[PDB]
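2 protein chains.
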Amino acid sequence: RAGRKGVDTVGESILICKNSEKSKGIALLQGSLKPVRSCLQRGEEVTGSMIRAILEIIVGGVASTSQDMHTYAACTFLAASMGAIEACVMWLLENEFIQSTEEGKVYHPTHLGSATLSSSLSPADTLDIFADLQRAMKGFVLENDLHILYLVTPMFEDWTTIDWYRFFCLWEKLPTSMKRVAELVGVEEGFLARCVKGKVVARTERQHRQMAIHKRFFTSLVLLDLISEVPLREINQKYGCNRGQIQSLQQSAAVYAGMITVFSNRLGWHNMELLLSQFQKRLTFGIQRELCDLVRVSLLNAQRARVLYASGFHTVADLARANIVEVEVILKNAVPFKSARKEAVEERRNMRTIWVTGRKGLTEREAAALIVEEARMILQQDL
Amino acid sequence: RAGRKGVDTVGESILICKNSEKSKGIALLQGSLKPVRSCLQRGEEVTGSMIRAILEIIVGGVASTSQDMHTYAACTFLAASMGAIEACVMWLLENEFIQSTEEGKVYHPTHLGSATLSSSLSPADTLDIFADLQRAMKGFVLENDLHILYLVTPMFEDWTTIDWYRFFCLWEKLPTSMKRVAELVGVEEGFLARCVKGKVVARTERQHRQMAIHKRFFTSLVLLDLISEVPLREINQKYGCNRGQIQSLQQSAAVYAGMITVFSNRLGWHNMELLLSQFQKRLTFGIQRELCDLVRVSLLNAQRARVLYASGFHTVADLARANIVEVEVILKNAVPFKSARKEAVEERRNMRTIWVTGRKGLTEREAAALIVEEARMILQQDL
Ligand SMILES: [K+]
Ligand SMILES: [K+]
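Residue numbers (the authors' numbering), protein chains in the order written: chain A, 480 to 521, 524 to 563, 580 to 599, 605 to 844, 851 to 891; chain A', 480 to 521, 524 to 563, 580 to 599, 605 to 844, 851 to 891. A prime marks a further copy of an entry chain.
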């Protein structure tokens, strides 16, 4: 990124080092990129990338027989550099992903197969997800939205560094209704104590998904406050994570929530599907059910939707009838100031202070007129 | 075992083979024993045998410091053939087995440590056992003896080849009170179906202790009927296992039941200890609580104790007052015949038909007199 084309004569790069790390710095300047691996490499005859690859072609209906499988193996990048394929096919058979009809040896997708493909889910993750859902449908808590959120809470990657001492403090202060959900999932208070007392991550044993469970329940709490319209600064102080890690999490959970919804629909689990089908939109914007209609407008996010709701505008229909200058004023009240704000400067009438995507700078007035204009266009398309 | 010392001139050994397996047979005749491994060998820096070895010397109080540890490492068979030790010490620290007091670096046993040593349990198994007990004390079924038996049901080795189709048939016919115990443990009906329908053992994943759970619950059912004085032939037909596999199981479970009882006592878990402390004796002989007093006599097993109980002799005290020839007759009624038995042969008055340990052949009369004689000696020692 050193050197602007058409602007600079040269691009300069400086790597600051010490005498001790002097040799490692030179290694980088002379270093070159490593050769590209296939990521489908084989004491592991089976592998995730291959299992998914084989599942996609069989369920999709472009690979039926055993001859089609090895023909596919020829097209891979792994074979370009110049058994394992057969192992993945059996794996799909053992775990009810694929069917075999002896037309000798022809493979067809199951309901679980077609569901996994439509859900864009990884076959390795689908097994635990399928069990987790069946476990939840045997005993489910409906008095709050926490248990539902847990099912759509992603835990395939760490989104933040969790302070366990902070976690235990929230555990005790946690209401009884949410402790019931914790117990029902696997959250044991004993494991939480062995985390604060001693910084033993363990996780060496495969059976230590016990760690992931507590990380997942911690995350669901964050997502619970998030769709409860709890301020980002409160969530930051309460949990110990920045706004960057949160936004990356909600956009991840919004997508994941859609996956579990599709997965539940293709298996015929209507009751479970019915509950989940409202959280994709709520996780995206971080809102409650009431603001779901307002946030259809492009410029209206969580903060702008709430202040317009609390001012009499509950729906797009109510927002189309709106007086523009009234919308503008309500927007002006949602701004965050360090001092308890909420002189006359008439030189700020042209200040473009509202950002969009692929944006021209919008004034607070122009944005308001756009919100009312868009609301009317949507109101007509609703008929 | 070919050649009797002082009897035979030679010992002959014949290995019958085919032309195809001819070469493998010669390999055995010329073959010799492999060198003895240390079984404490090290991508495994930690190992079970070492962890147990280190735990025993610290808890026992013969190894306190870090110098004592490597001094011990010198005495091992592994070092005789001529790092890992330090890894095991940390493991004992991470899992609350051992304490460290910075007298720089001195290691002491915890309550969990001293309990494991007194229980003769393996440190690797103790972790899951400790969790299983804590899980059981949160929700425990007392209406039957099944849930208690599960806690003392050993599953570290396979004692028989379980027919899963047979298992599912017993599952449906299983009463509601015992289905509640199954659910409470982990027995899912879905996994039972995927065993009968398809012979997929899986168990490749470490998290597949789900297999062990169903094997363990199957075993507890056998142990339940066993202490319910259900005939060995019925248990054989019902489950599909021989009397040899059963006897090896009960003597294994009798010992294991004693271990869990001691383990519970050293942790202060009195309520749990109280329930378990009656099953070591019942698992040994395969009896109900009523026969616990009778089986104190050496010659009285499960079968002989029951027929004497059903005939008026409930205790050793009642058995000391007994008329010998009456005891003899009751014993004669407990014999199993193929025909519906239960001529006059007075030539069988000297037939030694009762076996003992380190035995002279006992007549049904001599045995009866021994039972009454022993009962009197015990009755006096009871005072
Ligand atoms: K929007
Ligand atoms: K006895």
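Virtual Cβ for every residue (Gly too), placed ideally from N, Cα, C.
Original post:
Touch check for the region 762-769 of chain A' and the region 619-638 of chain A': three-plus C-beta pairs under 8 Å?
Top reply: Short answer: they touch.
Original post:
Beta-carbon separation of A/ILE532 and A/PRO625 under 9 Å?
Top reply: For the 9 Å CB-CB criterion, A/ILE532 and A/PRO625 form a contact.
Original post:
If you run the structure through DSSP and keep just helix, strand and coil, what is A'/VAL608?
Top reply: It is a strand residue.
**OP:** Quick one: grab the DSSP three-state call for A/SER597.
**Re:** DSSP places A/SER597 in strand when its eight states are reduced to three.
Original post:
A/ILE631 and A/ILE715: beta carbons closer than 9 Å?
Top reply: Not closer than 9 Å, so no.
**OP:** Could you please tell me which residues of the region 638-652 of chain A', in chain order, have their CB closer than 7 Å to any CB of chain A?
**Re:** Those would be none; no residue qualifies.
Original post:
Per DSSP, A/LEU870 is paired with what?
Top reply: Residue pairing by DSSP puts A/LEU870 in a beta bridge opposite A/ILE862.
Original post:
Beta carbon of A/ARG798, beta carbon of A/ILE886: below 9 Å?
Top reply: For the 9 Å CB-CB criterion, A/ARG798 and A/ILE886 form a contact.
Subject >> Cross-chain neighbours of A/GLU707 in chain A', by beta carbon under 8 Å >> reply: What A/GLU707 touches in chain A': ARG708.
Original post:
Residues in its own chain within less than 7 Å of A'/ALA756 by CB, not counting five upstream and five downstream?
Top reply: Excluding sequence neighbours, A'/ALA756 sits near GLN782, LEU785, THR786.
**OP:** May I ask you to verify whether the region 635-647 of chain A touches the region 737-751 of chain A, counting CB pairs closer than 8 Å and requiring at least 3?
**Re:** Taking a contact to require three or more Cβ pairs closer than 8 Å, the region 635-647 of chain A and the region 737-751 of chain A do not qualify as touching.
**OP:** Using only alpha-carbon positions, find the residue among A'/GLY485, A'/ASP665, A'/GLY542, A'/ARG823 that is nearest to A'/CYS743.
**Re:** Scanning A'/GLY485, A'/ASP665, A'/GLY542, A'/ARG823 for the CA closest to the CA of A'/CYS743 turns up A'/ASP665.
**OP:** Could you name the residues that DSSP lists as bridge partners for A/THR546?
**Re:** DSSP, once it has assigned bridges, lists A/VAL608 as partnering A/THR546.
Original post:
Can you name the residues of chain A whose CB is closer than 8 Å to the CB of A'/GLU591?
Top reply: The contacting residues are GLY700, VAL702, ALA704.
Original post:
Can you tell me whether DSSP reads A'/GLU882 as helix, strand or coil?
Top reply: In the three-state scheme derived from DSSP, where H, G and I count as helix and E and B as strand, A'/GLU882 is classed as helix.
Original post:
So A/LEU629 is in the alpha helix (DSSP H); what residue range does that whole segment cover?
Top reply: For A/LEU629, the uninterrupted alpha helix (DSSP H) run begins and ends at 625-638, by DSSP.
**OP:** Give a yes or no on whether the minimum CB-CB distance between A/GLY869 and chain A' is below 9 Å.
**Re:** Chain A', which has no Cβ nearer than 9 Å to the Cβ of A/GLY869, makes this no.
Original post:
Is the beta carbon of A'/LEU635 sitting closer than 9 Å to the one on A'/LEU589?
Top reply: Cβ distance not < 9 Å, so A'/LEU635 and A'/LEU589 don't count as in contact.
Original post:
If we count Cβ pairs, one from each stretch, closer than 8 Å, do we get three or more for the region 689-707 of chain A versus the region 649-661 of chain A?
Top reply: The region 689-707 of chain A is not in contact with the region 649-661 of chain A.
Original post:
Under the three-state reduction of DSSP, which class applies to A'/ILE505: helix, strand or coil?
Top reply: Correct three-state label for A'/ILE505: helix.
Original post:
Does the beta carbon of A'/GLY692 come closer than 9 Å to any beta carbon on chain A?
Top reply: With 9 Å as the cut-off, A'/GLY692 counts as an interface residue toward chain A.
**OP:** State buried or exposed for A'/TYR667, treating a residue as buried only when at least 16 other CB atoms are found within 10 Å of its CB.
**Re:** Around the beta carbon of A'/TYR667, fewer than 16 other beta carbons lie within 10 angstroms, which makes this residue exposed.
**OP:** Return yes when at least one heavy atom of ligand 2 lies under 8 Å from the C-beta of A'/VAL799, else no.
**Re:** Taking 8 Å as the cut-off, one finds at least one heavy atom of ligand 2 near enough to the beta carbon of A'/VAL799.
Original post:
Exposed or buried, A'/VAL654, counting other C-beta atoms within 10 Å across all chains shown (16 or more means buried)?
Top reply: It is buried - the Cβ of A'/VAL654 has at least 16 other Cβ atoms within 10 Å.
Subject >> Short Cβ contact (9 Å threshold) for A'/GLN712 with A'/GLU690 >> reply: Cβ atoms of A'/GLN712 and A'/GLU690: closer than 9 Å.
**OP:** Measure from the alpha carbon of A'/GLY688 to the alpha carbon of each residue in A/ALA633, A/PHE693, A/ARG718, A/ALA481, then state which is nearest.
**Re:** Distance check between A'/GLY688 and each of A/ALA633, A/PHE693, A/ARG718, A/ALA481 places A/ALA633 closest, using alpha-carbon atoms only.
Original post:
What in chain A' is Cβ-close to A/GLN636, meaning under 9 Å?
Top reply: Those within 9 Å of A/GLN636 in chain A' are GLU690, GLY692.
Original post:
If we count the other Cβ atoms within 10 Å of its Cβ and call it buried at 16 or more, is A'/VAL853 buried or exposed?
Top reply: By the 10 Å Cβ count, A'/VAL853 comes out exposed.
**OP:** Note down, one range per segment and in chain order, each alpha helix (DSSP H) of at least 4 residues found wholly within the region 718-782 of chain A.
**Re:** List check, alpha helix (DSSP H) in window: 734-741, 745-768, 772-778.
**OP:** Please decide whether A'/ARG768 counts as near chain A, where near means a Cβ-Cβ distance under 9 Å.
**Re:** Closer than 9 Å: no.
Original post:
Does the beta carbon of A'/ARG711 come closer than 9 Å to any beta carbon on chain A?
Top reply: Interface residue, yes.
**OP:** Kindly examine ligand 2 and report whether one of its heavy atoms sits closer than 8 Å to the Cβ of A'/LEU821.
**Re:** Incorrect: A'/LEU821 has no Cβ contact closer than 8 Å to ligand 2.
Original post:
In chain order, what residues of the same chain have a beta carbon less than 8 Å from the beta carbon of A'/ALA554, not counting five sequence neighbours either side?
Top reply: Within the same chain, Cβ atoms closer than 8 Å to the Cβ of A'/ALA554 are found at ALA560, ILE582, the five residues on either side in sequence being excluded.
**OP:** With 9 Å as the threshold, decide whether the Cβ of A/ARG696 is near any Cβ in chain A'.
**Re:** Under the Cβ criterion of 9 Å, A/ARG696 is counted among the residues facing chain A'.
Subject >> Inter-residue CB distance, A/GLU882 and A/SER800 (contact presumed, cutoff 8 Å) >> reply: Indeed, because the Cβ distance is near 6 Å, the residues count as touching under 8 Å.
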